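Undergrad: Provided below: data24.txt, containing compact mmCIF, N, CA, C and O atoms and all ligand atoms.
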# COMPACT_ATOMS: atom_id res chain seq x y z
N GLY A 1 18.80 11.75 3.59
CA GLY A 1 18.64 12.80 2.59
C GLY A 1 17.70 12.34 1.49
O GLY A 1 16.95 11.38 1.69
N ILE A 2 17.71 13.04 0.34
CA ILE A 2 16.84 12.68 -0.78
C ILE A 2 17.05 11.22 -1.19
O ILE A 2 16.08 10.49 -1.42
N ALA A 3 18.31 10.77 -1.30
CA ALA A 3 18.57 9.39 -1.72
C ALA A 3 17.93 8.38 -0.78
O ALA A 3 17.36 7.37 -1.21
N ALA A 4 18.01 8.64 0.52
CA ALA A 4 17.39 7.76 1.50
C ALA A 4 15.89 7.68 1.29
O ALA A 4 15.30 6.59 1.33
N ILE A 5 15.25 8.83 1.06
CA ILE A 5 13.81 8.88 0.79
C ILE A 5 13.47 8.07 -0.45
O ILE A 5 12.46 7.36 -0.48
N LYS A 6 14.26 8.23 -1.52
CA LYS A 6 14.00 7.48 -2.74
C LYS A 6 14.13 5.98 -2.53
O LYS A 6 13.39 5.20 -3.13
N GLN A 7 15.05 5.55 -1.66
CA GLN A 7 15.17 4.13 -1.38
C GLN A 7 13.97 3.62 -0.58
O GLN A 7 13.57 2.46 -0.72
N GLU A 8 13.37 4.46 0.26
CA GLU A 8 12.18 4.01 0.97
C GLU A 8 10.94 4.04 0.09
O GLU A 8 10.04 3.24 0.30
N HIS A 9 10.90 4.92 -0.92
CA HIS A 9 9.83 4.87 -1.91
C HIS A 9 9.86 3.55 -2.66
O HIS A 9 8.83 2.87 -2.80
N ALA A 10 11.02 3.17 -3.18
CA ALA A 10 11.13 1.93 -3.93
C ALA A 10 10.68 0.73 -3.08
O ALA A 10 10.00 -0.17 -3.59
N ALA A 11 11.04 0.70 -1.80
CA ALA A 11 10.58 -0.39 -0.94
C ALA A 11 9.07 -0.37 -0.80
O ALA A 11 8.40 -1.41 -0.95
N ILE A 12 8.50 0.81 -0.53
CA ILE A 12 7.05 0.94 -0.42
C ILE A 12 6.40 0.46 -1.70
O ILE A 12 5.40 -0.27 -1.67
N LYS A 13 6.98 0.83 -2.85
CA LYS A 13 6.39 0.44 -4.13
C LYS A 13 6.44 -1.06 -4.34
O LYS A 13 5.55 -1.62 -4.99
N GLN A 14 7.43 -1.75 -3.76
CA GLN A 14 7.46 -3.20 -3.83
C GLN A 14 6.48 -3.83 -2.84
O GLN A 14 5.92 -4.90 -3.13
N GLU A 15 6.26 -3.19 -1.69
CA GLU A 15 5.25 -3.69 -0.77
C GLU A 15 3.88 -3.65 -1.42
O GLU A 15 3.07 -4.58 -1.27
N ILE A 16 3.61 -2.58 -2.18
CA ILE A 16 2.31 -2.41 -2.81
C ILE A 16 2.11 -3.40 -3.95
O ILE A 16 1.02 -3.97 -4.10
N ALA A 17 3.14 -3.62 -4.77
CA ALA A 17 3.00 -4.55 -5.89
C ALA A 17 2.70 -5.96 -5.39
O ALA A 17 1.84 -6.65 -5.95
N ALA A 18 3.38 -6.39 -4.34
CA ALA A 18 3.10 -7.70 -3.77
C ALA A 18 1.69 -7.77 -3.20
O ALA A 18 1.01 -8.79 -3.34
N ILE A 19 1.23 -6.69 -2.55
CA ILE A 19 -0.14 -6.67 -2.04
C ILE A 19 -1.13 -6.87 -3.17
O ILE A 19 -2.10 -7.63 -3.05
N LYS A 20 -0.89 -6.20 -4.31
CA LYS A 20 -1.77 -6.34 -5.46
C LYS A 20 -1.77 -7.77 -5.98
O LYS A 20 -2.81 -8.29 -6.38
N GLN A 21 -0.64 -8.46 -5.88
CA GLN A 21 -0.55 -9.87 -6.33
C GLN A 21 -1.37 -10.76 -5.39
O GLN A 21 -1.98 -11.70 -5.86
N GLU A 22 -1.28 -10.52 -4.11
CA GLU A 22 -2.04 -11.32 -3.13
C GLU A 22 -3.54 -11.07 -3.33
O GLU A 22 -4.32 -12.00 -3.19
N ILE A 23 -3.92 -9.82 -3.62
CA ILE A 23 -5.32 -9.51 -3.82
C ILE A 23 -5.84 -10.26 -5.04
O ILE A 23 -6.94 -10.83 -5.02
N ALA A 24 -5.04 -10.29 -6.12
CA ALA A 24 -5.45 -11.02 -7.32
C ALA A 24 -5.63 -12.49 -7.00
O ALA A 24 -6.59 -13.11 -7.45
N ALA A 25 -4.72 -13.07 -6.22
CA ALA A 25 -4.82 -14.49 -5.90
C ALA A 25 -6.05 -14.76 -5.04
O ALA A 25 -6.73 -15.79 -5.19
N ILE A 26 -6.37 -13.84 -4.14
CA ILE A 26 -7.56 -14.03 -3.32
C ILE A 26 -8.80 -14.10 -4.19
O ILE A 26 -9.73 -14.89 -3.95
N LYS A 27 -8.81 -13.30 -5.25
CA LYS A 27 -10.01 -13.29 -6.11
C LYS A 27 -10.02 -14.46 -7.09
O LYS A 27 -11.06 -15.05 -7.25
N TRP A 28 -8.87 -14.81 -7.66
CA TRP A 28 -8.90 -15.74 -8.82
C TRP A 28 -8.26 -17.12 -8.65
O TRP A 28 -8.45 -17.92 -9.55
N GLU A 29 -7.54 -17.38 -7.57
CA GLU A 29 -6.93 -18.70 -7.44
C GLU A 29 -7.99 -19.80 -7.48
O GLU A 29 -9.04 -19.69 -6.84
N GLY A 30 -7.72 -20.84 -8.26
CA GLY A 30 -8.64 -21.97 -8.36
C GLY A 30 -9.68 -21.81 -9.45
O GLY A 30 -9.79 -20.75 -10.08
N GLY B 1 14.10 16.03 -6.98
CA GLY B 1 14.19 16.83 -5.77
C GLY B 1 12.98 16.60 -4.88
O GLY B 1 12.27 15.60 -5.06
N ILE B 2 12.75 17.50 -3.91
CA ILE B 2 11.61 17.35 -3.00
C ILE B 2 10.29 17.25 -3.78
O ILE B 2 9.45 16.41 -3.47
N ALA B 3 10.10 18.11 -4.79
CA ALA B 3 8.84 18.08 -5.55
C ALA B 3 8.61 16.72 -6.21
O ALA B 3 7.49 16.20 -6.21
N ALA B 4 9.66 16.13 -6.75
CA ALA B 4 9.56 14.82 -7.36
C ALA B 4 9.11 13.78 -6.34
O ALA B 4 8.23 12.96 -6.62
N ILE B 5 9.71 13.82 -5.15
CA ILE B 5 9.33 12.91 -4.06
C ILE B 5 7.87 13.09 -3.69
O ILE B 5 7.16 12.11 -3.45
N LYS B 6 7.42 14.34 -3.57
CA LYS B 6 6.02 14.59 -3.23
C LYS B 6 5.07 14.06 -4.30
O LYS B 6 3.98 13.59 -3.98
N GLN B 7 5.47 14.11 -5.57
CA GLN B 7 4.62 13.56 -6.62
C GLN B 7 4.58 12.03 -6.55
O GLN B 7 3.56 11.43 -6.90
N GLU B 8 5.65 11.40 -6.09
CA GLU B 8 5.58 9.95 -5.94
C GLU B 8 4.83 9.53 -4.69
O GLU B 8 4.22 8.45 -4.69
N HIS B 9 4.81 10.36 -3.65
CA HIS B 9 3.95 10.11 -2.50
C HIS B 9 2.49 10.11 -2.91
O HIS B 9 1.73 9.19 -2.58
N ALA B 10 2.06 11.15 -3.61
CA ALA B 10 0.67 11.23 -4.04
C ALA B 10 0.26 10.02 -4.87
O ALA B 10 -0.84 9.49 -4.71
N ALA B 11 1.14 9.55 -5.76
CA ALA B 11 0.82 8.35 -6.53
C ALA B 11 0.68 7.14 -5.62
O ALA B 11 -0.29 6.37 -5.72
N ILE B 12 1.64 6.95 -4.70
CA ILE B 12 1.57 5.85 -3.76
C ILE B 12 0.27 5.93 -2.98
O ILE B 12 -0.41 4.91 -2.78
N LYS B 13 -0.11 7.14 -2.56
CA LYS B 13 -1.33 7.29 -1.77
C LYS B 13 -2.57 6.94 -2.57
O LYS B 13 -3.55 6.46 -2.00
N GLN B 14 -2.54 7.13 -3.89
CA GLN B 14 -3.65 6.70 -4.73
C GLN B 14 -3.63 5.19 -4.96
O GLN B 14 -4.70 4.58 -5.08
N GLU B 15 -2.45 4.59 -5.03
CA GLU B 15 -2.37 3.14 -5.12
C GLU B 15 -2.99 2.49 -3.90
O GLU B 15 -3.72 1.49 -4.00
N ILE B 16 -2.74 3.08 -2.73
CA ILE B 16 -3.24 2.52 -1.48
C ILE B 16 -4.75 2.68 -1.36
O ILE B 16 -5.45 1.76 -0.92
N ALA B 17 -5.28 3.85 -1.74
CA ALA B 17 -6.72 4.06 -1.63
C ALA B 17 -7.49 3.08 -2.50
O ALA B 17 -8.50 2.52 -2.08
N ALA B 18 -7.01 2.85 -3.72
CA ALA B 18 -7.65 1.88 -4.59
C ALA B 18 -7.56 0.47 -4.01
O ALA B 18 -8.52 -0.31 -4.10
N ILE B 19 -6.42 0.12 -3.41
CA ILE B 19 -6.28 -1.19 -2.78
C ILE B 19 -7.34 -1.36 -1.70
O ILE B 19 -7.97 -2.41 -1.58
N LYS B 20 -7.54 -0.30 -0.89
CA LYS B 20 -8.55 -0.36 0.17
C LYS B 20 -9.94 -0.55 -0.41
O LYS B 20 -10.76 -1.28 0.16
N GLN B 21 -10.20 0.01 -1.58
CA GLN B 21 -11.52 -0.14 -2.24
C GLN B 21 -11.70 -1.59 -2.70
O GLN B 21 -12.80 -2.10 -2.62
N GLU B 22 -10.67 -2.17 -3.26
CA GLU B 22 -10.75 -3.57 -3.73
C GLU B 22 -10.94 -4.50 -2.52
O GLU B 22 -11.66 -5.47 -2.64
N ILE B 23 -10.26 -4.20 -1.41
CA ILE B 23 -10.39 -5.03 -0.23
C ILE B 23 -11.83 -4.97 0.28
O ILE B 23 -12.42 -6.00 0.64
N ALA B 24 -12.42 -3.77 0.28
CA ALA B 24 -13.81 -3.64 0.72
C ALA B 24 -14.72 -4.46 -0.18
O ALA B 24 -15.64 -5.13 0.30
N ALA B 25 -14.50 -4.41 -1.49
CA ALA B 25 -15.35 -5.15 -2.42
C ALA B 25 -15.19 -6.65 -2.21
O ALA B 25 -16.16 -7.42 -2.30
N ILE B 26 -13.98 -7.09 -1.92
CA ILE B 26 -13.77 -8.52 -1.68
C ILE B 26 -14.60 -8.97 -0.49
O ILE B 26 -15.17 -10.08 -0.48
N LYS B 27 -14.70 -8.11 0.50
CA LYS B 27 -15.44 -8.52 1.71
C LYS B 27 -16.95 -8.36 1.53
O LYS B 27 -17.66 -9.25 1.93
N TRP B 28 -17.40 -7.29 0.87
CA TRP B 28 -18.85 -6.97 0.93
C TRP B 28 -19.65 -7.06 -0.37
O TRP B 28 -20.87 -6.95 -0.27
N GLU B 29 -19.03 -7.21 -1.53
CA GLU B 29 -19.82 -7.27 -2.75
C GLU B 29 -20.82 -8.42 -2.69
O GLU B 29 -20.50 -9.53 -2.27
N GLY B 30 -22.06 -8.13 -3.08
CA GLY B 30 -23.11 -9.14 -3.10
C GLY B 30 -23.87 -9.24 -1.79
O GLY B 30 -23.52 -8.61 -0.79
N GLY C 1 9.59 19.95 3.81
CA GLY C 1 10.98 19.60 3.61
C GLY C 1 11.20 18.11 3.81
O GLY C 1 10.22 17.35 3.77
N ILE C 2 12.46 17.69 4.00
CA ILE C 2 12.76 16.26 4.19
C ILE C 2 11.96 15.69 5.36
O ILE C 2 11.40 14.59 5.26
N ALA C 3 11.90 16.41 6.49
CA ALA C 3 11.18 15.89 7.66
C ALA C 3 9.71 15.63 7.34
O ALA C 3 9.13 14.61 7.76
N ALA C 4 9.09 16.53 6.60
CA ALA C 4 7.70 16.35 6.20
C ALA C 4 7.53 15.08 5.38
O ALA C 4 6.59 14.31 5.59
N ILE C 5 8.43 14.87 4.41
CA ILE C 5 8.41 13.66 3.58
C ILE C 5 8.54 12.41 4.44
O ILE C 5 7.86 11.41 4.20
N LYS C 6 9.47 12.43 5.40
CA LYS C 6 9.65 11.27 6.27
C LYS C 6 8.41 10.99 7.10
O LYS C 6 8.09 9.83 7.36
N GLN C 7 7.68 12.02 7.51
CA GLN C 7 6.45 11.80 8.25
C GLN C 7 5.36 11.21 7.36
O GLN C 7 4.52 10.44 7.83
N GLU C 8 5.37 11.54 6.07
CA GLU C 8 4.38 10.92 5.20
C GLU C 8 4.76 9.50 4.81
O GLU C 8 3.87 8.68 4.57
N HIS C 9 6.05 9.18 4.79
CA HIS C 9 6.48 7.79 4.62
C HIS C 9 5.97 6.93 5.76
O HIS C 9 5.39 5.86 5.54
N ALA C 10 6.22 7.36 6.99
CA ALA C 10 5.77 6.59 8.14
C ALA C 10 4.26 6.34 8.11
O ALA C 10 3.80 5.24 8.42
N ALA C 11 3.48 7.35 7.72
CA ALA C 11 2.03 7.14 7.61
C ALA C 11 1.71 6.11 6.54
O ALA C 11 0.92 5.18 6.76
N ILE C 12 2.33 6.25 5.36
CA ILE C 12 2.12 5.28 4.28
C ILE C 12 2.48 3.89 4.77
O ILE C 12 1.75 2.93 4.52
N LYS C 13 3.59 3.77 5.51
CA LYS C 13 4.02 2.46 5.99
C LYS C 13 3.03 1.87 6.98
O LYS C 13 2.89 0.65 7.04
N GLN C 14 2.31 2.71 7.73
CA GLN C 14 1.26 2.20 8.61
C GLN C 14 0.00 1.84 7.84
O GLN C 14 -0.71 0.90 8.22
N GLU C 15 -0.29 2.57 6.75
CA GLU C 15 -1.42 2.19 5.91
C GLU C 15 -1.19 0.81 5.32
O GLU C 15 -2.12 -0.02 5.24
N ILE C 16 0.04 0.53 4.92
CA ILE C 16 0.37 -0.74 4.28
C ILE C 16 0.32 -1.89 5.28
O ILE C 16 -0.19 -2.97 4.97
N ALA C 17 0.85 -1.68 6.49
CA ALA C 17 0.84 -2.75 7.49
C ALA C 17 -0.58 -3.16 7.84
O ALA C 17 -0.88 -4.35 7.96
N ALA C 18 -1.47 -2.18 8.01
CA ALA C 18 -2.86 -2.50 8.29
C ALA C 18 -3.51 -3.24 7.12
O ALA C 18 -4.30 -4.16 7.33
N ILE C 19 -3.19 -2.84 5.88
CA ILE C 19 -3.72 -3.54 4.72
C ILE C 19 -3.31 -5.00 4.76
O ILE C 19 -4.12 -5.90 4.49
N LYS C 20 -2.04 -5.26 5.10
CA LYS C 20 -1.55 -6.63 5.18
C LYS C 20 -2.30 -7.41 6.25
O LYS C 20 -2.60 -8.60 6.06
N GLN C 21 -2.69 -6.75 7.33
CA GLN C 21 -3.45 -7.43 8.41
C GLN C 21 -4.85 -7.78 7.92
O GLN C 21 -5.35 -8.82 8.28
N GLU C 22 -5.47 -6.89 7.19
CA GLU C 22 -6.83 -7.15 6.66
C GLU C 22 -6.75 -8.29 5.64
O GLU C 22 -7.67 -9.10 5.59
N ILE C 23 -5.70 -8.31 4.83
CA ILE C 23 -5.56 -9.37 3.83
C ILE C 23 -5.42 -10.71 4.53
O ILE C 23 -6.04 -11.70 4.13
N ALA C 24 -4.63 -10.76 5.61
CA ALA C 24 -4.47 -12.00 6.36
C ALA C 24 -5.81 -12.45 6.92
O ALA C 24 -6.15 -13.64 6.87
N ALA C 25 -6.60 -11.52 7.46
CA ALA C 25 -7.89 -11.88 8.03
C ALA C 25 -8.84 -12.39 6.96
O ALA C 25 -9.62 -13.32 7.17
N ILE C 26 -8.78 -11.79 5.77
CA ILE C 26 -9.64 -12.25 4.69
C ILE C 26 -9.33 -13.70 4.36
O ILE C 26 -10.23 -14.51 4.08
N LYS C 27 -8.06 -14.05 4.43
CA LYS C 27 -7.69 -15.44 4.06
C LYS C 27 -7.94 -16.41 5.22
O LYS C 27 -8.45 -17.47 4.95
N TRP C 28 -7.66 -16.01 6.45
CA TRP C 28 -7.62 -17.03 7.54
C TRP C 28 -8.66 -16.92 8.65
O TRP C 28 -8.72 -17.85 9.44
N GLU C 29 -9.43 -15.85 8.74
CA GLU C 29 -10.41 -15.76 9.82
C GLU C 29 -11.38 -16.94 9.77
O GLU C 29 -11.87 -17.31 8.70
N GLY C 30 -11.62 -17.55 10.93
CA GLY C 30 -12.54 -18.66 11.02
C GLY C 30 -11.90 -20.01 10.79
O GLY C 30 -10.71 -20.10 10.44
CU CU D 1 7.69 8.64 0.08
Any chance you could give the structure as structure tokens?

TA:
Amino acid sequence: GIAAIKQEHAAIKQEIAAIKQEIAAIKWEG
Amino acid sequence: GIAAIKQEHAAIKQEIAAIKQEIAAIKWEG
Amino acid sequence: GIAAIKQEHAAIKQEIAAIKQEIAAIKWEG
């Protein structure tokens, strides 16, 4: 139902935030 | 409700499109 | 409706998995 969808949004939003962190590291590490 | 979920989909979809643009720049800039 | 939302989640989840594959290739190819 709606609650299930909202829980999958939050997971997707955490997948995206981590991707953004990896992208930053690819550009700036070192 | 459903409308709220659809508005968070559209935001997620814009987060992803920008990520794809940054990935392209990482590979091809210069 | 809910089914439509679930179909857009699955698409988003495939967009993310491919992004993760491209990120891995950027780091490790070669
Ligand atoms: Cu969603």

Undergrad: Give the padded box for stretch 11-14 of chain A as lines of an AutoDock Vina configuration file: axis-aligned, covering all atoms listed in the file, 5 Å on each side, centre and edge lengths in Å to one decimal.

TA:
center_x = 8.2
center_y = -2.0
center_z = -2.7
size_x = 15.6
size_y = 15.8
size_z = 14.6

Undergrad: Which residues are close to residue C:25, i.e. within 12 Å by only C-alpha atoms, leaving aside same-chain residues fewer than 6 positions away? Reply as an MDAnalysis selection string.

TA: (chainID A and resid 26) or (chainID B and resid 23 26:27) or (chainID C and resid 18:19)

Undergrad: Take chain C, lay it over chain A with a least-squares fit on all the Cα atoms in order, then hand it over as a PDB file with N, CA, C and O atoms, keeping the file's coordinate frame.

TA:
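And here's result14.pdb as it stands now:
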ATOM      1  N   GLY C   1      18.800  11.755   3.588  1.00  0.00           N
ATOM      2  CA  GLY C   1      18.637  12.795   2.595  1.00  0.00           C
ATOM      3  C   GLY C   1      17.702  12.344   1.485  1.00  0.00           C
ATOM      4  O   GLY C   1      16.954  11.375   1.689  1.00  0.00           O
ATOM      5  N   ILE C   2      17.720  13.041   0.339  1.00  0.00           N
ATOM      6  CA  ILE C   2      16.836  12.677  -0.782  1.00  0.00           C
ATOM      7  C   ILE C   2      17.049  11.220  -1.188  1.00  0.00           C
ATOM      8  O   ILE C   2      16.079  10.485  -1.421  1.00  0.00           O
ATOM      9  N   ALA C   3      18.310  10.775  -1.295  1.00  0.00           N
ATOM     10  CA  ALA C   3      18.572   9.395  -1.723  1.00  0.00           C
ATOM     11  C   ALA C   3      17.932   8.385  -0.774  1.00  0.00           C
ATOM     12  O   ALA C   3      17.358   7.367  -1.207  1.00  0.00           O
ATOM     13  N   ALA C   4      18.013   8.643   0.518  1.00  0.00           N
ATOM     14  CA  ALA C   4      17.393   7.766   1.503  1.00  0.00           C
ATOM     15  C   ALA C   4      15.890   7.676   1.282  1.00  0.00           C
ATOM     16  O   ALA C   4      15.306   6.592   1.329  1.00  0.00           O
ATOM     17  N   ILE C   5      15.248   8.832   1.069  1.00  0.00           N
ATOM     18  CA  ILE C   5      13.808   8.881   0.792  1.00  0.00           C
ATOM     19  C   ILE C   5      13.466   8.069  -0.451  1.00  0.00           C
ATOM     20  O   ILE C   5      12.460   7.358  -0.478  1.00  0.00           O
ATOM     21  N   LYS C   6      14.260   8.229  -1.515  1.00  0.00           N
ATOM     22  CA  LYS C   6      14.000   7.479  -2.742  1.00  0.00           C
ATOM     23  C   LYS C   6      14.133   5.982  -2.527  1.00  0.00           C
ATOM     24  O   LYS C   6      13.394   5.204  -3.128  1.00  0.00           O
ATOM     25  N   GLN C   7      15.044   5.548  -1.664  1.00  0.00           N
ATOM     26  CA  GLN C   7      15.165   4.130  -1.376  1.00  0.00           C
ATOM     27  C   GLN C   7      13.970   3.618  -0.576  1.00  0.00           C
ATOM     28  O   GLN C   7      13.571   2.461  -0.723  1.00  0.00           O
ATOM     29  N   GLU C   8      13.373   4.470   0.255  1.00  0.00           N
ATOM     30  CA  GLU C   8      12.185   4.012   0.963  1.00  0.00           C
ATOM     31  C   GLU C   8      10.942   4.040   0.087  1.00  0.00           C
ATOM     32  O   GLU C   8      10.034   3.232   0.299  1.00  0.00           O
ATOM     33  N   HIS C   9      10.902   4.913  -0.915  1.00  0.00           N
ATOM     34  CA  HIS C   9       9.833   4.864  -1.916  1.00  0.00           C
ATOM     35  C   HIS C   9       9.859   3.544  -2.661  1.00  0.00           C
ATOM     36  O   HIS C   9       8.830   2.873  -2.804  1.00  0.00           O
ATOM     37  N   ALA C  10      11.022   3.178  -3.186  1.00  0.00           N
ATOM     38  CA  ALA C  10      11.130   1.927  -3.923  1.00  0.00           C
ATOM     39  C   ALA C  10      10.680   0.726  -3.087  1.00  0.00           C
ATOM     40  O   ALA C  10       9.995  -0.166  -3.589  1.00  0.00           O
ATOM     41  N   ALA C  11      11.046   0.702  -1.804  1.00  0.00           N
ATOM     42  CA  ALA C  11      10.583  -0.395  -0.943  1.00  0.00           C
ATOM     43  C   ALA C  11       9.070  -0.375  -0.803  1.00  0.00           C
ATOM     44  O   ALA C  11       8.398  -1.406  -0.950  1.00  0.00           O
ATOM     45  N   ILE C  12       8.503   0.808  -0.528  1.00  0.00           N
ATOM     46  CA  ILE C  12       7.046   0.937  -0.418  1.00  0.00           C
ATOM     47  C   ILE C  12       6.397   0.461  -1.705  1.00  0.00           C
ATOM     48  O   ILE C  12       5.406  -0.268  -1.672  1.00  0.00           O
ATOM     49  N   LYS C  13       6.973   0.834  -2.855  1.00  0.00           N
ATOM     50  CA  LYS C  13       6.388   0.443  -4.134  1.00  0.00           C
ATOM     51  C   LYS C  13       6.437  -1.061  -4.340  1.00  0.00           C
ATOM     52  O   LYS C  13       5.552  -1.611  -4.992  1.00  0.00           O
ATOM     53  N   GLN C  14       7.431  -1.745  -3.765  1.00  0.00           N
ATOM     54  CA  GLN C  14       7.458  -3.205  -3.831  1.00  0.00           C
ATOM     55  C   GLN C  14       6.484  -3.835  -2.849  1.00  0.00           C
ATOM     56  O   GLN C  14       5.922  -4.901  -3.133  1.00  0.00           O
ATOM     57  N   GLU C  15       6.265  -3.188  -1.692  1.00  0.00           N
ATOM     58  CA  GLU C  15       5.251  -3.688  -0.770  1.00  0.00           C
ATOM     59  C   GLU C  15       3.883  -3.645  -1.426  1.00  0.00           C
ATOM     60  O   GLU C  15       3.066  -4.577  -1.275  1.00  0.00           O
ATOM     61  N   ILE C  16       3.614  -2.588  -2.177  1.00  0.00           N
ATOM     62  CA  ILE C  16       2.311  -2.404  -2.808  1.00  0.00           C
ATOM     63  C   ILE C  16       2.106  -3.397  -3.947  1.00  0.00           C
ATOM     64  O   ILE C  16       1.022  -3.968  -4.095  1.00  0.00           O
ATOM     65  N   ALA C  17       3.138  -3.616  -4.769  1.00  0.00           N
ATOM     66  CA  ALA C  17       2.999  -4.552  -5.887  1.00  0.00           C
ATOM     67  C   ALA C  17       2.693  -5.955  -5.393  1.00  0.00           C
ATOM     68  O   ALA C  17       1.843  -6.649  -5.954  1.00  0.00           O
ATOM     69  N   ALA C  18       3.384  -6.390  -4.337  1.00  0.00           N
ATOM     70  CA  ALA C  18       3.105  -7.700  -3.774  1.00  0.00           C
ATOM     71  C   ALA C  18       1.687  -7.773  -3.204  1.00  0.00           C
ATOM     72  O   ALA C  18       1.016  -8.796  -3.339  1.00  0.00           O
ATOM     73  N   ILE C  19       1.225  -6.694  -2.555  1.00  0.00           N
ATOM     74  CA  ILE C  19      -0.137  -6.669  -2.043  1.00  0.00           C
ATOM     75  C   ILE C  19      -1.123  -6.875  -3.177  1.00  0.00           C
ATOM     76  O   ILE C  19      -2.097  -7.633  -3.048  1.00  0.00           O
ATOM     77  N   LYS C  20      -0.887  -6.202  -4.311  1.00  0.00           N
ATOM     78  CA  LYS C  20      -1.768  -6.341  -5.464  1.00  0.00           C
ATOM     79  C   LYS C  20      -1.768  -7.775  -5.974  1.00  0.00           C
ATOM     80  O   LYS C  20      -2.820  -8.293  -6.380  1.00  0.00           O
ATOM     81  N   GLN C  21      -0.637  -8.459  -5.880  1.00  0.00           N
ATOM     82  CA  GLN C  21      -0.558  -9.872  -6.330  1.00  0.00           C
ATOM     83  C   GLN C  21      -1.365 -10.763  -5.393  1.00  0.00           C
ATOM     84  O   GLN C  21      -1.980 -11.693  -5.860  1.00  0.00           O
ATOM     85  N   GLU C  22      -1.284 -10.514  -4.112  1.00  0.00           N
ATOM     86  CA  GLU C  22      -2.044 -11.322  -3.128  1.00  0.00           C
ATOM     87  C   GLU C  22      -3.540 -11.067  -3.333  1.00  0.00           C
ATOM     88  O   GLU C  22      -4.321 -12.002  -3.192  1.00  0.00           O
ATOM     89  N   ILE C  23      -3.914  -9.825  -3.612  1.00  0.00           N
ATOM     90  CA  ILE C  23      -5.328  -9.509  -3.819  1.00  0.00           C
ATOM     91  C   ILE C  23      -5.839 -10.252  -5.040  1.00  0.00           C
ATOM     92  O   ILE C  23      -6.933 -10.824  -5.020  1.00  0.00           O
ATOM     93  N   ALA C  24      -5.041 -10.290  -6.115  1.00  0.00           N
ATOM     94  CA  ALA C  24      -5.442 -11.013  -7.316  1.00  0.00           C
ATOM     95  C   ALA C  24      -5.627 -12.489  -7.001  1.00  0.00           C
ATOM     96  O   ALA C  24      -6.595 -13.117  -7.452  1.00  0.00           O
ATOM     97  N   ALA C  25      -4.715 -13.076  -6.223  1.00  0.00           N
ATOM     98  CA  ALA C  25      -4.818 -14.489  -5.893  1.00  0.00           C
ATOM     99  C   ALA C  25      -6.049 -14.767  -5.047  1.00  0.00           C
ATOM    100  O   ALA C  25      -6.726 -15.785  -5.195  1.00  0.00           O
ATOM    101  N   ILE C  26      -6.373 -13.844  -4.140  1.00  0.00           N
ATOM    102  CA  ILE C  26      -7.559 -14.031  -3.317  1.00  0.00           C
ATOM    103  C   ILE C  26      -8.796 -14.099  -4.196  1.00  0.00           C
ATOM    104  O   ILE C  26      -9.724 -14.889  -3.952  1.00  0.00           O
ATOM    105  N   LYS C  27      -8.803 -13.303  -5.247  1.00  0.00           N
ATOM    106  CA  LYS C  27     -10.012 -13.283  -6.109  1.00  0.00           C
ATOM    107  C   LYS C  27     -10.012 -14.457  -7.095  1.00  0.00           C
ATOM    108  O   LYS C  27     -11.055 -15.043  -7.252  1.00  0.00           O
ATOM    109  N   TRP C  28      -8.867 -14.810  -7.657  1.00  0.00           N
ATOM    110  CA  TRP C  28      -8.902 -15.743  -8.823  1.00  0.00           C
ATOM    111  C   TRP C  28      -8.265 -17.117  -8.649  1.00  0.00           C
ATOM    112  O   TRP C  28      -8.446 -17.924  -9.548  1.00  0.00           O
ATOM    113  N   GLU C  29      -7.540 -17.386  -7.577  1.00  0.00           N
ATOM    114  CA  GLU C  29      -6.927 -18.705  -7.438  1.00  0.00           C
ATOM    115  C   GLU C  29      -7.990 -19.803  -7.480  1.00  0.00           C
ATOM    116  O   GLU C  29      -9.042 -19.688  -6.846  1.00  0.00           O
ATOM    117  N   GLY C  30      -7.722 -20.847  -8.262  1.00  0.00           N
ATOM    118  CA  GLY C  30      -8.634 -21.963  -8.366  1.00  0.00           C
ATOM    119  C   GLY C  30      -9.678 -21.807  -9.447  1.00  0.00           C
ATOM    120  O   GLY C  30      -9.780 -20.745 -10.086  1.00  0.00           O
TER     121      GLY C  30
END

Undergrad: One decimal, Å: what's the distance from atom CA of residue C:20 over to atom CA of residue B:14, could you say?

TA: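 Atom-to-atom, atom CA of residue C:20 and atom CA of residue B:14 are spaced 16.7 Å apart.
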
Undergrad: One decimal, in Å: what's the spacing between atom CA of residue B:8 and atom O of residue A:17?

TA: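 Result for atom CA of residue B:8 versus atom O of residue A:17: 17.0 Å, one decimal.
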